[PDB]
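The residues making up each chain are set out below.
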There are 2 protein chains.
Amino acid sequence: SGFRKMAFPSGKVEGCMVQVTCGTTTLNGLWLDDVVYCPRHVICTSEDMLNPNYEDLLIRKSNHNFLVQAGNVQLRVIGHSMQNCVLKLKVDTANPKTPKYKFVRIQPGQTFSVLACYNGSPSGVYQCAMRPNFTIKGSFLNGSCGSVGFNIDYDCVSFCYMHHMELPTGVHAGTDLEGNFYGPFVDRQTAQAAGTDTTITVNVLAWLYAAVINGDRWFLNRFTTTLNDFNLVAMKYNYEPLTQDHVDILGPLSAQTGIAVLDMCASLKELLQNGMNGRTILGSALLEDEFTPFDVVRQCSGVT
Amino acid sequence: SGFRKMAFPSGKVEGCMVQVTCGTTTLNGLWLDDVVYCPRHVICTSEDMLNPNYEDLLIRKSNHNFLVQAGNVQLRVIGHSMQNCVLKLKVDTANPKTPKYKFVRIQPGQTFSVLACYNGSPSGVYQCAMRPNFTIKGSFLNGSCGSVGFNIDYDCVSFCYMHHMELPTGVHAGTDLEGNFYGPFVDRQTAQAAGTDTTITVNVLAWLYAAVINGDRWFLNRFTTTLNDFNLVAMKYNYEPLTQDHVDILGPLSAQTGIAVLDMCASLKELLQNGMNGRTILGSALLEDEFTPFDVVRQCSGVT
Ligand SMILES: *CC(=O)N(c1ccc(C(C)(C)C)cc1)[C@@H](C(=O)NC1CCCCC1)c1cccnc1
Ligand SMILES: *CC(=O)N(c1ccc(C(C)(C)C)cc1)[C@@H](C(=O)NC1CCCCC1)c1cccnc1
């Protein structure tokens, strides 16, 4: 019983975190096999942060210019290449603690565990979602960049996020581990505004199904609705459209609880049109949209 | 910028988690040096769960009766002793991944990271507080017992909690790692009711100071108050008394933000007497009391 915002165990990732220093600027790096991955803005100086020419900064740069440390252990650099907004550093030693690993590009609404690091040293973990506007609401101070987001499948670590920068909003933008930014952002000090953020509808429904399982079911109404009728009320409240793929994914939660997806859709419409009246669902006075159907199943099943 | 519920890295603890089987019943164990710690209700059967005689169950029990596994590796049992509500099992091998470790008994309101485990295999981490009634609002399924709560000081792991049982409420009770239960609970199936839970006042103030730092300061009023005057309104709203030790602990947050503790006390009184009017503080429509002053400093400082 009970329902908490839950991260994966960070042990597998803790042993991949190194420090990458280049001139004055230091930040976090990921060490998998004989390669060290980090943000490409480690070749920036306080002058070039406005609009840096990264191709002309990497050309005037050699193997020995990059300083990489794993604790009090120094790695030699044998090669360097730039891929999009990521630096890749070939190194003489292969990481002896490399896990089974994949690189995947997650979709909006998909969640992951973040390990926040400063000087290649972990300081904590939290769970969060890739927002529809392609930002994340995270907790990152100066020197947090290079920190990674990941999910665990048995003993295989799927890396989806590397952290880069903060927007004037106080929210966070970053890349996959091929160096492609999530959303339309670039790595420089400029006027980058995230779009109006919507609510991850499929995630709020999944959260409501968790509440029913854990004994909180005061919000369960006596109506039903249609996809089209619900999707009309969704757009009104800045809720992402519900798809035939979203209803299919909820089928498992639908089956277990004995509540048809469109009945839960109808219940949600009532919560949106009437509010909560200062009541709590799983100890929250808000609608929580940072839990996936797979998150709810995992936590209400007990998948190790 | 940003503020999240944040756990410590679980890597150090992941390598201390073993399985303890005894007859039919299996649960989670902690392996530090040449000793394995687990709940004493592993010597219970489905008959004796009502009111077990643990002294008369351990007497009719030998070293070989206990099965301990670390992955696909079996440990030999050389000794066994019962300490309060905890089993201690001496074993031929010493854990090669034992960290620097202490056993401490945390106070009500003090927070820690929980690593949830099933069959000696971790499944995730979350942060939570020891409630004033001496329960915790956690996420635990069947076989979660033996899972531990901890804090990290540099590279030293302070173990404060071992999980045991769930109350009809759907909330959780457990022990320190000398086997003494937090609160007045016993390890059997009986009528155990937790008291009326109060709010951790010192933690809500600390949370409000984090909000000011992260740019959310709409709730900052133009009044001040006294300890006695505030403590009167606290008891009214089931808020734990504020002490001269609580105001001292907030002094660092007071200094940095330029807001005197009693001014923040006055602002809190207004939030309690008027509500939030459907507004959000650090993305929460509730007052969050599961962040300590040290948690807020750590997360707003960047302590690894
Ligand atoms: C890497 C890092 O921690 N930060 C950072 C991010 C981006 C850059 C440039 C791409 C070179 C502009 C440099 C340094 C810092 C940080 O100072 N971010 C600012 C970047 C400019 C706009 C305002 C934020 C940082 C701090 C907190 C969270 N993430 C990154
Ligand atoms: C150890 C375990 O997972 N659970 C458990 C807890 C306590 C006992 C006895 C002390 C022998 C009664 C046995 C097993 C289970 C569980 O079934 N708890 C129930 C204990 C009796 C009252 C109702 C709960 C468990 C499940 C979920 C979370 N924690 C513990």
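As summarised from the PDB record, the model derives from X-ray crystallography at a stated resolution of 2.60 Å.

The name given to chain A in the PDB entry is 3C-like proteinase, and the organism recorded there is Severe acute respiratory syndrome coronavirus 2. What the PDB entry is called, per its title line, is "Crystal Structure of SARS-CoV-2 Main Protease (3CLpro/Mpro) Covalently Bound to Compound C7".

1. What about the site of ligand 2?
Residue and element names in this part refer to chain B. Around ligand 2 sit 14 residues, and of these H41, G143, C145, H163 and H164 come closest. A distance of 2.8 Å separates an oxygen atom of ligand 2 from a polar atom in the backbone of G143. One nitrogen or oxygen atom from the side chain of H163 is found 2.9 Å from a nitrogen atom belonging to ligand 2. About the coverage of ligand 2: the protein hides 79% of its 600 Å² of free accessible area. Of the residues in the shell around ligand 2, the class split is four nonpolar, seven polar and three charged.

2. Considerations on the packing of helix α4 (residues 227-236) of chain A against helix α6 (residues 261-274) of chain A
All names here are of chain A. The N-to-C vectors of α4 and α6 enclose an angle of 25°; their axes lie 10 Å apart at closest approach. With respect to their mutual orientation, α4 and α6 come out roughly parallel. Between α4 and α6 lies a crossing of left-handed hand. Contacts between α4 and α6 involve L227, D229, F230 and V233 on the former and, on the latter, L262, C265, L268, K269 and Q273. Class assignment of the residues belonging to the contact of α4 with α6 gives a composition of six nonpolar, one polar and two charged.

3. Focus: the relation of the copies chain B and chain A
Each copy superposes on the other: chain B lies on chain A with an RMSD of 0.0 Å after a rotation of 180° and an axial shift of 0.0 Å. Classification of the inter-copy transformation places it as that of a two-fold axis. Proximity to the rotation axis, assessed at the C-alpha, singles out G11 of chain B in chain B; its C-alpha lies 1.8 Å from the axis. Mapped onto chain A, 100% of the interface residues of chain B are again interface residues, and the two copies thus contact each other with one and the same surface.

Conventions adopted
- The numbering shown runs from 1 along each chain in the order of its written sequence and may not match that of the entry; residues for which no coordinates exist are omitted.
- As they are written, the chains are lettered A onward and the ligands numbered 1 onward, keeping that order.
- Hydrogens and water are ignored here; the side-chain numbers use all heavy atoms of the structure.
- Proximity is defined per residue: if any heavy atom of the residue lies within 4 Å of a molecule or strand, that residue is considered near it.
- Any N or O atom pair separated by 3.5 Å or less is treated as a polar contact, with the protein-specific requirement of one donor-capable and one acceptor-capable atom, and with residues adjacent in sequence counted only for side-chain atom pairs.
- Method for areas: the Shrake-Rupley scheme with a 1.4 Å probe, in which residue coverage is limited to the protein chains shown.
- In this classification, the charged set is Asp, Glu, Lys and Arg, the nonpolar set is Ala, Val, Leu, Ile, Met, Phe, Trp, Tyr, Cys and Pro, and all remaining amino acids, among them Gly, are polar.
- As a rule, the C-alpha atoms of each element are fitted with a line to give its axis, helices using only the stretch in contact, and angles between N-to-C directions run from 0 to 180 degrees.
- Counting from the N terminus, the helices are the DSSP runs of H or I reaching at least four residues and the strands are the DSSP runs of E reaching at least two.
- Geometric relationships in this document are graded by angle, where less than 35 degrees denotes roughly parallel, more than 145 denotes roughly antiparallel, 65 to 115 denotes roughly perpendicular, and other angles denote oblique.
- Handedness of each helix crossing follows the sense of rotation of the near helix against the far helix: counterclockwise by less than a right angle gives left-handed, clockwise gives right-handed.
- Whether two residues are in contact is decided by their heavy atoms, any of which lying within 4.5 Å being enough.
- A least-squares fit on the C-alpha atoms is what superposes the copies onto each other.

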